[PDB]
Amino acid sequence: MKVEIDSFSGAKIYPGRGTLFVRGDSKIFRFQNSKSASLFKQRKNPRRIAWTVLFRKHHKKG
Amino acid sequence: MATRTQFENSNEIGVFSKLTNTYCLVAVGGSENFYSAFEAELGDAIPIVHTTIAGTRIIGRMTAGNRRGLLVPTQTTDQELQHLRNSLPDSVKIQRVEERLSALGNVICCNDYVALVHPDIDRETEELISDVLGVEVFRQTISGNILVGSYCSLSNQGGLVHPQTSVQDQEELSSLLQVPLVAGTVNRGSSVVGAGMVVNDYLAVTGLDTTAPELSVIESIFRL
Amino acid sequence: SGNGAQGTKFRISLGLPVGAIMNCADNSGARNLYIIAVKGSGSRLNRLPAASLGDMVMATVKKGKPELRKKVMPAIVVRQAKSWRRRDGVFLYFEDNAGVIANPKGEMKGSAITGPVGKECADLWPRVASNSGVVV
Amino acid sequence: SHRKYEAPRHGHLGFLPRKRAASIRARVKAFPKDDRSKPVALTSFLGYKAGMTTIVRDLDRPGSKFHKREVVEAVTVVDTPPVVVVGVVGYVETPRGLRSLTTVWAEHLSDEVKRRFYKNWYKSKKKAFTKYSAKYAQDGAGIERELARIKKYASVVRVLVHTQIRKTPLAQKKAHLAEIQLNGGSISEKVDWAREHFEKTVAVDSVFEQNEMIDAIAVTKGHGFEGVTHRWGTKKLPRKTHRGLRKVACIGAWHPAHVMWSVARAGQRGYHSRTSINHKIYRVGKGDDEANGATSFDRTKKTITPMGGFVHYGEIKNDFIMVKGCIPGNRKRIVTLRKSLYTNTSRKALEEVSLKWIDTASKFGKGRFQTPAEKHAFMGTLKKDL
RNA sequence: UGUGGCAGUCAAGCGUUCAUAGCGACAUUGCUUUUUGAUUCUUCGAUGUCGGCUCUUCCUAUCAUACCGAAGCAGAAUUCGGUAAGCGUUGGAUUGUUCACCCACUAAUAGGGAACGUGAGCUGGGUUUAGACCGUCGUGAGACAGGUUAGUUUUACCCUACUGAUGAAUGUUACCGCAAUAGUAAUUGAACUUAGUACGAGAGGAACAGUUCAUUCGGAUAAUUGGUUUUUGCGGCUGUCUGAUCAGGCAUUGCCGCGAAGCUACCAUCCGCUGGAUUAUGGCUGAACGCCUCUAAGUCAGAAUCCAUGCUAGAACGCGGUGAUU
């Protein structure tokens, strides 16, 4: 049992939850919910979406 | 000796097992006669480990290693990694490999001395292979076939390669690997030679479809 | 499942009914394949025989060499792009459909497989496990 | 003419008529076979379904491809308060089947079964069982006469139990009285067990145990009046059909000049009794046990009640059976769980499962955290107290 | 019933030897109404007429499945026969087609009926009016046993029937039950192991038990994944209008992104049992016929068969126990 991390929003992924998108150049994308998955399919930059972890690491929250 | 064996009926053992000088890895779903061909002419010489790799039973093509080291892909779990770290002796070094470029056994064509890799694997993994296996890594393809793992069975003595290979490539790879090479077939003419059979210094196990003239060339190039 | 296929494949989501044009991922020369049937399928009234990852389809070649066109061959679906469930928990899916030209015994027509390869199709079919690049 | 393409049916003619059930508590039609050597124990137990959750465990199945490997699975937590016996009732056997000859009630029944015997509890003078509980004013000679008449007669002995509904997050206050049969030998021992358990409670550490296969009996989640394409599974008709495309198109032939019982029509869907068999208990948890959702692998203290409770139900603070896979009847329903009728031996049964992880995230949305301490650790401090 | 279609009867011969392993001429006796003729009894104050889609149920002259028995059956596969219809018989190219013929798949792609089932179920592609064109025929209007193109398909609010739903009266009222009767459902394949073993000159190459998955069907649920989104929940956006910020109206849910709950999907998950009696057949003792013979008396085993165990309703004038009875 490994708790994976979201490739878009940095949230933690318990087993039997979310999706997993193997892309065409074989990079593996693990999504917590359909929110981060359907923001990834819109090619949204994760640093500009203000509720993620990569946002709050780039703008120094906390 | 050259022992002919099937895995549940499958004539390709190199997919389903990894034979090295100090260990032998097998899949979990084997018969009595499959494990017998290893436990007869090995017996109590090297540890024979029943394992899976990343939930699969293709562990000869997932992993790649030799006498000094063993490499596992990224999707290998913690129970499997702990079982491999326990059952194997402390001489061999096991390290997970972080690359998005293949599974390791089709890339790494290695022995104790000289390794060949798929040329798309990167420098950060090449340094890790040369560190863990302790093997000088080159970057060459057998006659355009980029997957050098499944198309080149390799040992410390000699090696069998892809059967449609030019003589110039045979002489080039014989100057590189410093072993003699003879192109041939296995498993009644199946050209996937590196996955059709396993080999080490004292043993070579192939499939039940490997005919006697093919087996003669195998034991001739491997000098057994 | 079937003859030449090694092992009992667990059921994944049927995502490729008859008519799907998948990419051909090996260097035999076909640019895309075309499902005409599915080996091991069932018979039920007005229901398309749907393939999946790991299945063995009968396929024709629409784009590619002239030697491969206008003839029916077998093939093996190696990516799905319809989300299926591995039993360890995750639902996953590739980007786009794929398959490789084969013979009825499971041997590969080509030499190397581009793209990632789903591990349900690497464990069932051994010869795909040899020519595969990225498994999973 | 024949069918021109011979094809299976739609639906199942043994589950007819598909009408509403009688009550919401589905009857138990058959209890397990009697064995007159075993110690006395119940054959079924009345719980309340709460909802589902996810379970990670180690499938240990030799020869299977997922041998020694982690699988996630769906279970249902069925809430289970302890259940108190209020009477016995014994059946003699006739050439017209069994027949209840006498029933014996307890001494002082609670206000959950006294509320079951009145439709309007608020106007009523609450005078149930006055002239019966005055039969214990003597030495009990009438009631010992009743138990002697059960001992001499009455091939099988069933026990009137009822749930404890005020220990439940429902708003009903009225308990479901029921009969549960006894498997223990020598019916004098049965009725003495029942006499010693008058007004005493019964927990599921005694009835059910870990890893056991249990059947589950309840009333289907109802769906009102329902047309035929979703009730039975008929094809939709094409777009061009005048007067609609959601029907059975041909009802019947000319002869027979009637509509057969076998064709598919519209009517009730759901709210039928059902029995689903072969469900394996993954956990039997207790109410006074803190950290019910704890696991030997997980070791974190947490109850099985999710973040913000089970949806539309509340908070498990009681016993609970935790059973593999789905179960007929939705949330908040009286589910009667039954011992298996037959000795099962399949290597899908007889598998001893210790869990590895219980999912306790919020089911009121796409939940992310397991415990609120983990939310307060990952999210950080907020605009509140710190 | 000629006519299709189907089944016996004898038997010359074919089949290495050899009428019967299987063929079956020459004759001959029948069955079927799934064909087409004949008739013209019913219907012309009109039983809406082909095909397809849809959906039931029935029959068997069985394609597959179960269990048997034979070969010019060693194994393997094939062919035939028997009890058998419990269960299943597909996806397509072309054609309006029924019929066909290919391409795959499959365990197998059997044959049929119910007013050539099914138009107040649909479609209306076909034939079959009126428009029009062409060919041949005709002096001509027009004809065709021909080809092609365009061509309103109406009504159920009755009665029965079915599917659900109440309901008076059997002292009132409530709870717990029993159970007649009616329905009943599971199906098929693959892999490992058995075992490269048996059998075989080799070539090749099984089965019984165990295990894991799958095909088709069925019943449920909705933790997860996906769909939906009038929670118009939050956000964004355009046009206009409230003087502007703010907060909003209107664009017949204004559009777009995400979206709980509910509902839902082999696009999700779980579950689908076991004993008894038999048919074909194989027998045991055992006569008939002082040997013989599974049969006559008796008796043992036996199938997807039947019946219970199980599962669904419950007699609204089938029944029981118990609380209270102003």
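Pairs linking a residue in region A:12-23 that is facing another protein chain (nearest Cβ under 7 Å) and over 8 Å from C:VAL90 (Cβ atoms) to a residue that is surrounded by fewer than 22 Cβ atoms within 10 Å (Cβ to Cβ) and among the acidic types (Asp, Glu), with Cβ atoms under 6 Å and 6 or more positions apart or on different chains, are A:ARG23/C:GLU95. The set of residues from region D:134-145 being more than 8 Å from RNA strand E (Cβ to nearest atom) and part of a helix (DSSP H, G or I) comprises D:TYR136, D:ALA141, D:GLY142, D:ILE143, D:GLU144, D:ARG145.
If you check B:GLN95, B:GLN82 for being out of contact with any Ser or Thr (no Cβ under 6 Å at 6 or more places or on another chain) and part of a helix (DSSP H, G or I), only one passes: B:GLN82. Looking across region D:288-313 at every residue that is surrounded by 17 or more Cβ atoms within 10 Å (Cβ to Cβ) and among the small types (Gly, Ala, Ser), the one that is farthest from the chain's Cα centre (by Cα) is identified as D:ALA294.
Any residue in region D:53-74 that is within 14 Å of chain A (Cβ to nearest Cβ) and hydroxyl-bearing (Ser, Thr, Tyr)? So far as region D:53-74 goes, yes, one or more of its residues are within 14 Å of chain A (Cβ to nearest Cβ) and hydroxyl-bearing (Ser, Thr, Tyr). Note on region B:1-39: residues that are within 14 Å of chain C (Cβ to nearest Cβ) and in a helix (DSSP H, G or I) amount to 1.
Condition check ((1) basic (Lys, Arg); (2) part of a strand (DSSP E or B); (3) over 24 Å from D:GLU352 (Cβ atoms)) across all residues:
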| site | (1), (2), (3) |
| --- | --- |
| D:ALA218 | no, yes, yes |
| D:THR229 | no, no, yes |
| D:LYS247 | yes, no, yes |
| D:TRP261 | no, no, yes |
| D:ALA291 | no, no, no |
| D:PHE297 | no, no, no |
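Working only within region C:127-136, note down all residues that are crowded, with 24+ Cβ neighbours inside 10 Å, touching a helix residue (DSSP H, G or I) at 6+ places or on another chain (Cβ under 8 Å) and within 8 Å of another protein chain (Cβ to nearest Cβ). Listed by number, the residues that qualify are C:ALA129, C:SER130, C:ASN131, C:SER132, C:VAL135.
Filtered by the rule that a residue be in contact (Cβ under 8 Å) with a residue 24 or more places away in the chain and either within 7 Å of RNA strand E (Cβ to nearest atom) or aromatic (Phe, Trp, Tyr) (or both), region C:12-49 gives C:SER13, C:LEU14, C:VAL18, C:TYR34, C:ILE36, C:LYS39, C:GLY40, C:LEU48, C:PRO49. A single member of D:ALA361, D:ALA377 is within 14 Å of chain A (Cβ to nearest Cβ), more than 15 Å from RNA strand E (Cβ to nearest atom) and out of contact with any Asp or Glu (no Cβ under 6 Å at 6 or more places or on another chain), and it is D:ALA377. The residues listed here are C:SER52, C:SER41; of these, the one that is touching a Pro at 6+ places or on another chain (Cβ under 9 Å) and among the polar types (S, T, N, Q) is C:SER41.
Filter region D:173-222 for residues that are among the polar types (S, T, N, Q) and touching a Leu at 6+ places or on another chain (Cβ under 9 Å); which is nearest to RNA strand E (Cβ to nearest atom)?
Filtering region D:173-222 down to residues among the polar types (S, T, N, Q) leaves D:181, D:183, D:186, D:188, D:201, D:206, D:210-211, D:220.
Within this subset, residues satisfying the condition of being touching a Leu at 6+ places or on another chain (Cβ under 9 Å) are D:181, D:183, D:206, D:211.
On the way: D:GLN181: 9, D:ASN183: 14, D:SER206: 20, D:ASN211: 13 Å.
So, considering only residues that are among the polar types (S, T, N, Q) and touching a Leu at 6+ places or on another chain (Cβ under 9 Å), the one nearest to RNA strand E (Cβ to nearest atom) is D:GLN181.
If I filter region D:86-101 for residues that are away from chain A (no Cβ under 14 Å), among the acidic types (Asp, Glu) and within 6 Å of RNA strand E (Cβ to nearest atom), do I get at least one hit? There is no residue in region D:86-101 that is away from chain A (no Cβ under 14 Å), among the acidic types (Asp, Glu) and within 6 Å of RNA strand E (Cβ to nearest atom).
Somewhere in region A:31-43, is a residue part of a helix (DSSP H, G or I), more than 30 Å from C:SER132 (Cα to Cα), within 10 Å of RNA strand E (Cβ to nearest atom) and of a type outside the set (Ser, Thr, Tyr)? Within region A:31-43, one or more residues are part of a helix (DSSP H, G or I), more than 30 Å from C:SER132 (Cα to Cα), within 10 Å of RNA strand E (Cβ to nearest atom) and of a type outside the set (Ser, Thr, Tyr). If you filter region D:243-260 down to residues that are loosely packed, with under 10 Cβ neighbours inside 10 Å and farther than 17 Å from D:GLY227 by Cα, you find that the one that is nearest to the chain's Cα centre (by Cα) is D:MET260. Looking across region C:68-98 at every residue that is over 30 Å from D:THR53 (Cβ atoms) and β-branched (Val, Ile, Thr), the one that is farthest from the chain's Cα centre (by Cα) is identified as C:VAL72.
The C-beta contact set for region D:227-238 (first residue within 15 Å of C:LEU45 (Cβ to Cβ) and within 12 Å of chain C (Cβ to nearest Cβ), second residue outside any loop (DSSP other than H, G, I, E, B) and among the small types (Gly, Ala, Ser), distance under 9 angstrom, 6+ apart or interchain) is empty. Considering only residues in region C:80-122 that are away from chain A (no Cβ under 11 Å) and among the hydrophobic types (A, V, I, L, M, F, W, C), the one that is surrounded by the fewest Cβ atoms within 10 Å (Cβ to Cβ) turns out to be C:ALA112.
Listed here are the residues, each with its yes/no results for (1) within 9 Å of RNA strand E (Cβ to nearest atom); (2) β-branched (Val, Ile, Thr).
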residue	(1), (2)
D:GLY293	no, no
D:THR305	no, yes
D:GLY309	no, no
D:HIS312	yes, no
D:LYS324	yes, no
D:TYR342	yes, no
D:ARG347	yes, no
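Read the figures in this text as sums done on the coordinates, not as results from a lab. Neighbour counts are summed over all protein chains in view; Cβ atoms, including those assigned to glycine, are modelled from backbone coordinates with ideal geometry.
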